[PDB]
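**Q**
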Amino acid sequence: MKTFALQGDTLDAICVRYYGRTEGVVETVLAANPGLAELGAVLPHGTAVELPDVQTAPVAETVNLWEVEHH
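So for the sequence shown, the deposited numbering puts the first residue at 1; every next one is plus one.
Following this line, the structure appears as C-alpha cells:
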C-alpha cells in the first residue's frame with residue numbers, strides 16, 4: 001500500500017492521515033522506505049512511499065488523482 005507523495009503530503013502528513021500520529025510510526029516507514037530519511041525537507045511530488053502495517057482498501061480521504069501514462 002504505497003502512495004505518491006506530494007506538497008504537504010509527506011510522511012509527516014500521511015502518517016497522520018493514515019495512522020493519525022508520527023511518534024512510533026515515523027520509525028516504521030523509515031525501515032520500509034530507506035533513503036527517505038536523507039531527503040529531510042518536503043518530498044518531491046511523485047515519491048513512491050510504502051505504508052507498512054496498513055490494511056487493504058483506501059483511506060478516509062477525498063481525491064481523484066488519475067494518471068497512468070507519464071513517459
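For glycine and all other residues, C-beta sits at the position ideal for the given N, C-alpha and C.
How about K2 and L65: are their beta carbons less than 8 Å apart?
**A** As a working note, residue 2 is residue 2 in the sequence shown. As a working note, residue 65 is residue 65 in the sequence shown. No.
**Q** Which residue marks the beginning of the alpha helix (DSSP H) containing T10, and which one marks its end?
**A** By one-based count along the sequence shown, residue 10 stands at place 10. It is not in any alpha helix (DSSP H) - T10 carries neither H nor E in the DSSP assignment.
**Q** From this set, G8, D12, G20, which residue's C-alpha is nearest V59's C-alpha?
**A** As a working note, residue 59 is residue 59 in the sequence shown. Taking only the C-alpha atoms, the option nearest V59 is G20.
**Q** Give the C-beta separation of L36 and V49 to the nearest angstrom, bearing in mind that I take them to be a contact with Cβ-Cβ under 8 Å.
**A** The residue given as residue 36 occupies position 36 in the sequence shown. The residue given as residue 49 occupies position 49 in the sequence shown. A Cβ-Cβ distance of about 7 Å is found for the pair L36 and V49, placing them in contact under the 8 Å criterion.
**Q** Among residues of its own chain, excluding the 5 on either side of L30, which ones have a beta-carbon nearer than 6 Å to its beta-carbon?
**A** Here residue 30 refers to the residue found at position 30 of the sequence shown. So the list reads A37, once near-sequence residues are dropped.
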